[PDB]
Amino acid sequence: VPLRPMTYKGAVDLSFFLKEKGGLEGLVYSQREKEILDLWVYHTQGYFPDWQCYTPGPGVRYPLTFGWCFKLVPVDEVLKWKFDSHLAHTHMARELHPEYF
């Protein structure tokens, strides 16, 4: 498909797709593993890969983009992808760090 920007509408439906149909959930996070993912999504769905960002360490990393419903939790610093459907409702990345926005 053609080329388009991530949108909340889109982000949400995506968050679903991946959860619902396959294993991102609980996947150890990594730089490349992210990146790969980006493109993948892109090739898959023509989203310009500039929307997959999370808040900085320590602890739980919150997706920057409102409506992308995955965060990165620690293991016991090591991060695993986790799905959470409330980040559809709460834009955590925002109260935590309104500076960027």
# chains A, B, ... in the order shown; residues from 1 in each chain; ligands from 1
$ closest_atom_pairs --of "segment 36-57 of chain A" --to "segment 66-87 of chain A" --cutoff "9 Å" --atoms "only C-alpha atoms" --output "CSV"
residue,atom,partner,partner_atom,distance
A:51,CA,A:68,CA,8.8
A:52,CA,A:68,CA,8.3
A:54,CA,A:71,CA,7.5
A:57,CA,A:77,CA,8.6
$ select_by_dssp --residues "chain A" --states "strand (DSSP E)" --output "PyMOL selection string"
chain A and resi 70-74+79-83
$ residues_around --residues "residue 56 of chain A" --least-positions-apart "5" --cutoff "10 Å" --atoms "only C-alpha atoms" --output "MDAnalysis selection string"
chainID A and resid 61:64 93 97
$ residues_around --residues "segment 45-49 of chain A" --least-positions-apart "4" --cutoff "8 Å" --atoms "only C-alpha atoms" --output "PyMOL selection string"
chain A and resi 1-6+38-39+41
$ closest_residue --among "A:32, A:60, A:55, A:43" --to "residue 94 of chain A" --atoms "only C-alpha atoms"
A:55
$ atom_distance --atom1 "atom CA of residue 89 of chain A" --atom2 "atom CA of residue 28 of chain A"
24.9 Å
$ select_by_dssp --residues "chain A" --states "helix (DSSP H, G or I)" --output "count of residues only"
37
$ atom_distance --atom1 "atom CA of residue 26 of chain A" --atom2 "atom CA of residue 44 of chain A"
21.3 Å
$ decode --residues "segment 42-59 of chain A" --atoms "N, CA and C atoms" --output "PDB file, in the first residue's frame"
ATOM      1  N   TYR A  42       5.851  -0.849   8.338  1.00  0.00           N
ATOM      2  CA  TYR A  42       5.847  -0.032   7.140  1.00  0.00           C
ATOM      3  C   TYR A  42       5.525  -0.848   5.916  1.00  0.00           C
ATOM      4  N   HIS A  43       6.454  -1.702   5.505  1.00  0.00           N
ATOM      5  CA  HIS A  43       6.192  -2.541   4.352  1.00  0.00           C
ATOM      6  C   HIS A  43       4.754  -3.063   4.462  1.00  0.00           C
ATOM      7  N   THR A  44       4.380  -3.530   5.646  1.00  0.00           N
ATOM      8  CA  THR A  44       3.055  -4.088   5.873  1.00  0.00           C
ATOM      9  C   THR A  44       1.924  -3.118   5.691  1.00  0.00           C
ATOM     10  N   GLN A  45       2.128  -1.880   6.114  1.00  0.00           N
ATOM     11  CA  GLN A  45       1.014  -0.956   6.229  1.00  0.00           C
ATOM     12  C   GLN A  45       1.343   0.483   5.895  1.00  0.00           C
ATOM     13  N   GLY A  46       2.457   0.693   5.216  1.00  0.00           N
ATOM     14  CA  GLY A  46       2.790   2.000   4.691  1.00  0.00           C
ATOM     15  C   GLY A  46       2.827   3.123   5.701  1.00  0.00           C
ATOM     16  N   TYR A  47       3.040   2.799   6.962  1.00  0.00           N
ATOM     17  CA  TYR A  47       3.223   3.864   7.917  1.00  0.00           C
ATOM     18  C   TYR A  47       4.679   4.301   7.885  1.00  0.00           C
ATOM     19  N   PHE A  48       4.921   5.567   7.565  1.00  0.00           N
ATOM     20  CA  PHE A  48       6.248   6.129   7.745  1.00  0.00           C
ATOM     21  C   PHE A  48       6.685   5.781   9.143  1.00  0.00           C
ATOM     22  N   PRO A  49       7.836   5.117   9.255  1.00  0.00           N
ATOM     23  CA  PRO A  49       8.415   4.620  10.500  1.00  0.00           C
ATOM     24  C   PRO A  49       9.002   5.755  11.316  1.00  0.00           C
ATOM     25  N   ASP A  50       8.147   6.614  11.842  1.00  0.00           N
ATOM     26  CA  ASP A  50       8.586   7.701  12.702  1.00  0.00           C
ATOM     27  C   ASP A  50       7.502   7.954  13.726  1.00  0.00           C
ATOM     28  N   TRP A  51       7.240   6.943  14.552  1.00  0.00           N
ATOM     29  CA  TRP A  51       6.129   6.977  15.488  1.00  0.00           C
ATOM     30  C   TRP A  51       6.372   5.983  16.602  1.00  0.00           C
ATOM     31  N   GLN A  52       7.310   5.071  16.371  1.00  0.00           N
ATOM     32  CA  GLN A  52       7.714   4.099  17.390  1.00  0.00           C
ATOM     33  C   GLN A  52       8.795   4.651  18.351  1.00  0.00           C
ATOM     34  N   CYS A  53       8.392   5.462  19.329  1.00  0.00           N
ATOM     35  CA  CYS A  53       9.326   6.051  20.291  1.00  0.00           C
ATOM     36  C   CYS A  53       8.753   5.828  21.701  1.00  0.00           C
ATOM     37  N   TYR A  54       9.593   5.581  22.704  1.00  0.00           N
ATOM     38  CA  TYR A  54       9.082   5.509  24.083  1.00  0.00           C
ATOM     39  C   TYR A  54       9.818   6.440  25.051  1.00  0.00           C
ATOM     40  N   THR A  55       9.197   6.754  26.187  1.00  0.00           N
ATOM     41  CA  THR A  55       9.819   7.617  27.193  1.00  0.00           C
ATOM     42  C   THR A  55      11.108   6.991  27.757  1.00  0.00           C
ATOM     43  N   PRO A  56      12.005   7.816  28.312  1.00  0.00           N
ATOM     44  CA  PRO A  56      13.308   7.283  28.694  1.00  0.00           C
ATOM     45  C   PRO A  56      13.270   6.511  30.000  1.00  0.00           C
ATOM     46  N   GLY A  57      14.354   5.779  30.244  1.00  0.00           N
ATOM     47  CA  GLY A  57      14.526   4.985  31.444  1.00  0.00           C
ATOM     48  C   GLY A  57      14.595   5.895  32.639  1.00  0.00           C
ATOM     49  N   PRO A  58      14.437   5.336  33.847  1.00  0.00           N
ATOM     50  CA  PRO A  58      14.372   3.905  34.162  1.00  0.00           C
ATOM     51  C   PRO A  58      12.954   3.321  34.085  1.00  0.00           C
ATOM     52  N   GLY A  59      12.800   2.083  34.545  1.00  0.00           N
ATOM     53  CA  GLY A  59      11.488   1.479  34.713  1.00  0.00           C
ATOM     54  C   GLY A  59      10.660   1.349  33.450  1.00  0.00           C
TER      55      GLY A  59
END
